[PDB]
Structure formats: C-alpha cells, structure tokens
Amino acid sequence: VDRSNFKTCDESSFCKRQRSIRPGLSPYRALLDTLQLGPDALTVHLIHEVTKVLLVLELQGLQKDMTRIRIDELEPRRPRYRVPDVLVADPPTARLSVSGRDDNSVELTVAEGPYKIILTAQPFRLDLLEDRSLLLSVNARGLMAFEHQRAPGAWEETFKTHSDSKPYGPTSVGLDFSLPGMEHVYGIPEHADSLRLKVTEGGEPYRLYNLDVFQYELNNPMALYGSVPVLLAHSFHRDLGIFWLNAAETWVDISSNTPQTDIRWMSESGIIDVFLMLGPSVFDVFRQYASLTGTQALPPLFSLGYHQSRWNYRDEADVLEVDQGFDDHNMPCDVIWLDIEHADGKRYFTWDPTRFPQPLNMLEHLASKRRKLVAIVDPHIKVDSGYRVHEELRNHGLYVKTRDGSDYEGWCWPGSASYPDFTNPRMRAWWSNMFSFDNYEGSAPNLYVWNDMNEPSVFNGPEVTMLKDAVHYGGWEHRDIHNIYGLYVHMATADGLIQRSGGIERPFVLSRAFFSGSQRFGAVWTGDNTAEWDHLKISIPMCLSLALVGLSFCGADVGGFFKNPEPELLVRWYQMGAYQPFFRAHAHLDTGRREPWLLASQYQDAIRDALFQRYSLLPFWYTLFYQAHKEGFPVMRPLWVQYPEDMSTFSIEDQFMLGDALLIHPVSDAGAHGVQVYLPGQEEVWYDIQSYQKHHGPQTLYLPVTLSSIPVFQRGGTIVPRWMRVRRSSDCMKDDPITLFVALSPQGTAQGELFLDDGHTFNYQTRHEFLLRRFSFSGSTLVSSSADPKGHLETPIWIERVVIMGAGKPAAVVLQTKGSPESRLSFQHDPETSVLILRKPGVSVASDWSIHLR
C-alpha cells in the first residue's frame, strides 16, 4: 500500500486539533438553572467557560436499558447534520426522574431503576450506574470538544493536489468515555487488524472513513472500505456497547489504565449522538443495538451456497463452460458472477454486444441448471451522451454537484464519470426502478447484483474518494454524509430487486462499503485481499469484528484477490471459506484461472469435500441466519461470546463458533501437521465431527491434520440438522430429507432448532409460511415440537436419519407421531465411538413426533 495517498491524523486538520486536546479539566459546565426534565428527554444548557459558546444536552433514557446522549449548538448559524435512515424507528423512551440534587450534581433515575445517571455541573460529566455499580463515565478525562459554526488547515485546506474549500470551517465534535473494569474492546470495522482492538496511545487512532485502499496491508489502523461506529466492551462481569451515530470522518482513540479502558470519538461534522447500551450480557447488547438499527436481512437460501467469481469471465460460452465444469467434476455451486467486463465499456446496466449478446438465453441456461448469476453494478456513471442512464440522471438533476452548481465529474473505470446523489430519496427511487425487468434489459429473476466501489471510489479524488466540499441533497456537504453513501447504494439496489418482483422475492446484494444498518440490505466482503497465508488468517477477526456489530453476512475472497495462491493455500482457503457466512472465490484480472477442478486430483478432492460439508450444513446456516434476522444475534461468533467468563478466550481469533453448536479451527499454516484447538467450557463436552471422538473441556487439544482436515467440533447438548444428499445447487436440495445430529451433553440432553420456508420469498413474514421446529433430547427421548406455531408450510421434507453421539446401545427404538400407529425403527450402534444411527424415521418435518430409546 502507498500510505502517502492517505491522511494520518496529523495530516487531518480536525483530527490534529482534536487530538492535541489531552486529558484535563474540561471547560464545559452544565447550567442547572436551565435544566428542564421532560418525559422523553432531559434538556440542559452547556457552556464553554472561555468562548462562552452555549450548547444543548439532550439526555434520554430508553427502553431496553439504553441511554442516548445528543449535544448540539443552542443557537446555530446553520443546522448541523443528524444522520437519517440508519435508525429503523424512533427509539421508545423511558422517563427520567430527579432522585437527588445539590449545588453541583443532579441524580436521575431511569423509570423505577435500577439504572441511574449522575449529571455533574462543573466540570460537565455524566456517570451511568446500575444501583451503586459505576458502569460508564462521559467526559471524565475532559476531552469534550465542540467546534461551533463561525462566520462562513482550519478553513481552506489542501492535501497533495486537492483543495477542500471548507466553506464552514472547523465544525468537529468529540467526546470520551471511561469503562471501569473493561480491558477488552471490539468492533469499529473495517480494519485489517486483530479482533481485540489495540491501544492507540503510541500511534495512530482508528480511522472510520470509507476508503478504497489498494493492496491494503495487515495489522494497522488505516480506514478500509466500510465504517460501523460501534464498540463493544467485554469483561468477566459485564458487557457494554457504544454506538457513535455520526456519518462524517471519525477517529477513535483507545487507551488503557482498577483496570479501565478509555474511548474517544472525534468526528468532522454533525452533532454528538451516541447510544449507551448497558447489557448486562453481550446478547443483551445485540438486542439493544438491533432495536436501533435493525437485524440481518434473511438471505435467500441460494446466496448461502458457494459463489464462483473472477475478474473476468470472457463471454457467455465461458460462463456456461464454468457451469458445466462444476457438474462434470461433481462440485456444487449456486452462483456464477459477472464482473465489470460483462458490460459495454463499464456502462452499467448494459451488456457487451460481442461477448454477452443474449443475456436472457444465458440466464435461461443457468436457470435450467437451477443456478443464479450475479452482475456487478457500480455507482459511477460514465459521462456519455449516448448512455441512457447518464442522460436521465443529468436531465433530472440527480447527480452530486459541486459548489458552482455543476455536476461533479471524477475518474473511475469508464474514464470520466459522475456520481448519483444516493442521499436523495428521488435518486434512490430512480435507481430502484432501473432494476425493473423492462428497464434493465437482459435481466431475469435469477440475476442478482453486486455493488462495488460505492465508498465512492474516485481515482483522481483526494484519498481516492469524493471531494469534501461536494454538495448533496438538501445542501449538505459530502463531508457530512460520506460514510452512508455506500449504504444508500446497497439500500436502493436491494429495494430494486424487491420491486422488480412485485415485492415477493427476497434480494441478494453484495456491497463493499457499508455503515450501521447495512445488515438490513444483504452481504459485505473485506475487499481486495491477497493470496497469502496471513490474509487467510485475518479473515476470521475481520468477519468476527463485523459479526459483533450486526453484519453477519460477511466473507473474504477465497484464495485471495491479488496474486496466485499455491495449491495448498487455495485448499486451506476453501476449508476456511466453507465455514464462513459469505462463501465466494474471486480473483484479480491478471491471476491464473483457479476454478477448483483445475488443480491436481488430491487438491480437487479436499476442495470438493469442503464444498460438500458446506452444502450439507445449509439447514443449519439457514436457521442461524433466521435467528440473526429475528433476534439480532451474530451467526459467526468469537469464543468469548459463548464463554464470557473464560478470560483465556477474550482474544482468540484463530478459532470461531457458528451459533452455539460448532467450534471451527481451520488450518492456516503451510505444511502444518497439527493444530492447537482450545475446547472451552467447564462440564462441557465436544465431539470431533469427523471421528466422533468425545473431548472434555476445558483443554487445549493437539489434533493431527492432513490436507483434507477441517477441525470442526460439535458442542454437547446441541442438535445440528443437515442435508446429507449433496446436489449441484441448493435449489435442487430444498425439498430433501433432513438428518439430525444429536450431540449429548454429560447430562444426556440436547436441543436445537430448524427453520424452513420456500427459500426465496417474503411469504414467511407476509403469510407466515415457514416452519420453526424445536428438537429436544432428555432422558431417553427425542421430541420434535413447534418453536413457533403461527408458521405452517406445505413441504415434502421429512426426517430420514438421526445420528446420536454419546449414546449407549438401546434394546428397541420406538417412534410415535400423531395420525400414525406406533412404529419400530431399526438402528446401528458403534460401541467404540458411542454413536447411534436411527434408520429412516420417515416422519414429516411439519409433524410433532417423539423417538424413545428403550
């Protein structure tokens, strides 16, 4: 990477000003004579003792144990930016009451307790408590900074050859937070860095500014493609989360200190708007954040299959040869991807007339194989009077503008290009309408979309993005909105795929740039990684950092985007990717073809094995994403989320869990002969899903591996559903029978869920057409019941097999289900592995039933 292209904090004038303020006595104080206590908000004026600038603090207790702090100017010359469209609703409030007051402090109770807020008058300070336990402090180190708007590098500012006219001057806002008892903080993607966020004292702050970083490097705090301003704090005793709702460029300082962590946010414009999410558990934090910004959109089942991509597939015949290659080499694949060379000279929504002359016929051939296609659509529009999209957006004034009122023009893939103003709701409605089958000619229901370069990437712009003083809808500057520009592209595209179907089909959109709330619109991936072993390792902490802040549909390019991976590295990457949410192989224009059947037979077999495991686990993945969609719980989880009191897990990032059932430790070293697997949990057991060997936790197990090994363990007390009939695509499988894998706890119990629907529509929510089954084992009986009775589904899916790990040999097996006579099932039992196989239950998955082991 060329770092001189990108500002350090020192080269950013507002970051340099803010960060030069070091901990000390704050000049802000609250004017308690001005205090007014309302139902939804407490308001009180703040004053800077020197400048005499007056601010207004809006403090709100919210339902679900959350507090919201908003600070704005009292008398602003011009309104400051307040981030729209991120919050899914106006958060329900809780009442504040005065429970104590002196000359310098006012104690506030949220509803009837036990959460309290202490407002200190001078110096201004906020403390949050549950009973008498101090949870969090605000401005305890006196780092609050609010640059008020003066008369229109503090003003006119240059970086390299780009001049920011900065018509409003310094407007930055900042605030610090103290976390007593916390030593581990996580989140604020996106950064190519460790899961546990490092202290920034001796170096750069973490930067949140959606940027296109060419050949980005590992273990550094440079800003990457997306920004989610959410930090989570975890200790043995509690879990906390901070949501800094600001869309401008933001820097985050982290310092350690009886153990305590301090967090400081520094943003270029906008108001101070922060949510404090008090837990107490990390799942309480997940729900709290989900209530503000929504939950992960339910992916259509196919998008959880395997995606085969590269820059670029030559033409229709190449795409069909790839399709046939998968079938001729017995490898499953759901989606083949068309990168930017499929269009006419990077004019999006078009097709190259020589290499893709009949896109509908190509989509019809793939539909006959029950496979999908994804086409890239970027938000830069070639300046071209022969280009219908550009003419419509220009004639309707839907482009981002410069200060002189002309449409902004930068340089990107098609050369000179303009940028639609996606903050304009009319522009997003226009975009969504362009995805109708009449407007996007050549598209069909099995064509889906990839939004790339939506930071936005501008090749000749400062830091390869849009100028700060470009002007958006309502007159707001680009510096005010930057970090939600990509989100708006993701949103308008996802809406377009829903509207083209008349509101029935669920969308699939991949996006590179993202913000808080992007989980509502589809998937993201970690951009342009490299075919190196360290980039394989870092896919885990990067997608885990996204999982913790709501973005569960995450992945990294399998094999690496840049460069050519050695065959062993490509195999280890398929095994890694097979157990990550978004599963796509992608490659640079100048890389060699690496479709999985082009390798030697030994590497093909291990890659096929990995693909079979992924497709077999689709019912399990589908259920985890339904739980993420309904509850806000991440699919891919750090070990500390399931074991919050095992402090040896607080930093683990070579290991991860899927739900609470599967612990994954992929091999990520060339020529490795074993891995150190930490199996956590007191009174916990784990089953090696390959050998069925049972292991007692806690321990660090050395497990020998070969090229075909994917170290995966099932937790005792869980039931994992699988489709053991692997076909060529998920559409082929979605009516196939289920096999239930029961891993018995030491108490002889297990439980799990299974979600089913049609796989691609919203009928599950508009018609309640779905199944949510609960499977439970206790005593010697396995019982299927409804976990949500409002869901009914016409489906031929049945239970073809039950596998029980940790069971003794029964004398007889008896199945009962209503409407049927009592049935006897034959079985098989391995005494060495204590595995019990129940042959062909044969019961509908929609029916209640129970299997007893006599």
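Start at 1 and count along the sequence shown; that's the residue number.
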Residue 153 dropped from a third or more of the other entries of this protein
yes
Residue 153 preceded by how many uncoordinated deposited residues after residue 152
10 or more
Unresolved deposited residues in the interval that joins residue 257 and residue 258:
10 or more
Which is higher on mean Cα B factor in this entry, 71 to 79 or 342 to 350?
71 to 79
Tell me which of 137 to 145 and 503 to 511 has the higher mean C-alpha B-factor in the deposited entry.
137 to 145
For the C-alpha B-factor as written in the entry, point me to the maximum among 402, 613, 446, 424.
402
Select one of 435, 561, 302, 159: the residue whose C-alpha shows the highest B-factor in the crystal structure entry.
159
Among the modelled residues of its chain, does the C-alpha B-factor of residue 603 lie in the lowest, middle or highest third?
highest
Cα B factor band for residue 585 (lowest, middle or highest third within the chain)
lowest
Would you check the entry's CA temperature factor for residue 119 and let me know if it's in the chain's lowest, middle or highest third?
highest
Comparing residue 472 with the other modelled residues of its chain, is its CA B-factor in the lowest, middle or highest third?
middle
Consider only the C-alpha atoms of the modelled residues in this chain, order them by B-factor as the entry records it, and name the third containing residue 702: lowest, middle or highest.
highest
